[PDB]
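One chain follows as structure tokens, the form deposited in one PDB entry.
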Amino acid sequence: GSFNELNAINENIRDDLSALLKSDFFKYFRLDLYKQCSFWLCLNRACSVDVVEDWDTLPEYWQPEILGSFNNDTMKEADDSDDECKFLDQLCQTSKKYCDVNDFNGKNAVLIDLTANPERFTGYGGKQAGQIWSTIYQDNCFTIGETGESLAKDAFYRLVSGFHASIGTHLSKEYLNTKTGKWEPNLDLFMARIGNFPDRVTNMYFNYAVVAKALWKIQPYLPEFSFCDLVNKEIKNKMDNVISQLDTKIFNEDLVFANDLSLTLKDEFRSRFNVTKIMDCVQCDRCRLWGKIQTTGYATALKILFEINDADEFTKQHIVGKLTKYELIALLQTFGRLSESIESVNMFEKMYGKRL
């Protein structure tokens, strides 16, 4: 139903949002090169690759190991500057008067160029990918009795499903032609993973709205976090420009059941998203990267929607101001993946059409 509204909203914003995301302020993400998979899991390529291609047939430089690796030359040393670790509060000086101070405990953290490391088909899959998605869905268990118990599990599942579908949609749009050696849409794959499962398409639009509602809820309390940055002076404005075009009646609906969830159920829900931790179990480097960015994006969104819910102007202003640049980056980059996933659906529907 409301599908059309989000599509309208998304088309009016696709360009501005893509430009914003390529800015120096949003183009980099802090990622710990060392990973601690503490939840364990199949490790051999024999069970980590997708059957979609007959790999033994393709050239070496087209194997999942290369398709999913970073573009070496695309990651500067991090924590050499604590900019990403600072609060929006403290990016610019509001009046004449942090990676350690704010908890970024990364062994060997680095800044990866997301513009040079887009999410796309990598060939990752098999039992491993299956074991991971499986564990996330199976970790949808809250404290029984608690008010809004059911609702909490429905939202958790839906968010994960939309995240899952968004990736599937993505690897489908940006698929590799093992003959032309060109990246191009793969309608058949889209149809097999997302196309023929309405609920999965719905969940992406669910995630799209959840994240868009968060950006819209913080807009009024955003600190003037960029006027001082000589390079990124306009970023804050350019973000307001996007967020402002996001207003929709859909935001009236309590998407994450904030007004129906126990105050402890809300923390459990926040704790489940942990989902960000399993991401370190993802052996495909680019998948880990974007997985981590999106899970952090959702966890950020949940925090915003849950906390700002109880309101209190002083508090609201604090909640958004004490949000870290790292979180805002994750949040807006997650919105960027959703925006593109929604666009890709419309493309595939029109592609599925010309097929006749």
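Start at 1 and count along the sequence shown; that's the residue number. The term rigid core refers to the maximal set of C-alpha atoms that superpose within 1.5 Å between the two forms.
### Message
In terms of residues present in the deposited sequence but not modelled, what lies between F257 and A258: none, 1 to 3, 4 to 9, or 10 or more?
### Response
Nothing is missing between them.
### Task
Count, per the entry, the deposited residues between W55 and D56 that are not modelled, and return the matching class: none, 1 to 3, 4 to 9, or 10 or more.
None; the chain is continuous from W55 to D56.
### Query
Out of 143-151 and 186-194, which stretch has the higher average CA B-factor listed in the record?
Averaged over C-alpha atoms, the B-factors run higher in 143-151.
### 172-180 set against 77-85, stretch whose average Cα temperature factor tops the other in the entry
The stretch with the larger mean CA B-factor is 77-85.
### Message
I'd like to know which of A212, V101, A129, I278 has the highest C-alpha temperature factor in the PDB entry.
### Response
Within the set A212, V101, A129, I278, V101 shows the top C-alpha B-factor.
### Task
Just grab whichever of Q219, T135, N72, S166 has the top CA B-factor as deposited.
Of the options given, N72 has the highest CA B-factor in the PDB entry.
### Task
Would you mind checking where the Cα B-factor of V201 ranks among the modelled residues of its chain, as the lowest, middle or highest third?
As the PDB entry reports it, the C-alpha B-factor of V201 lands in the lowest third of its chain.
### Query
Lowest, middle or highest third: where is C42 by C-alpha B factor in its chain?
CA B-factor rank for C42: highest third.
### Message
Quick check for you: using the entry's CA B-factors within this chain, is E268 in the lowest, middle or highest third?
### Response
CA B-factor rank for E268: highest third.
### Message
Ranking every modelled residue in this chain by its Cα temperature factor as given in the entry, which third contains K238?
### Response
Within its chain, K238 is a middle-third residue by C-alpha B-factor, going by the deposited values.
### Query
Among the modelled residues of its chain, does the C-alpha B-factor of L230 lie in the lowest, middle or highest third?
For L230, the deposited C-alpha B-factor lands in the highest third.
The form deposited in another entry exists for this protein as well; it is not shown, and the discussion that follows is about that form.
### Query
Taking the rigid core as reference, which of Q131, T202, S81, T178 is displaced at the C-alpha by at least 2 Å between this form and the one not shown?
Single hit from the list, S81.
### Message
How about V49 - superposed on the rigid core, does its CA move between this form and the one not shown by 2 Å or more?
### Response
The answer is yes; the displacement is at least 2 Å.
### Message
Taking the cut-off of 3 Å or more as given, in which direction does the distance between the C-alpha atoms of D50 and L31 change in the other entry, closer or farther?
### Response
Farther, not closer.
### Task
Given a change of 3 Å or more, say if the Cα atoms of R288 and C47 sit closer or farther in the other entry than in this form.
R288 and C47 sit closer together in the other entry.
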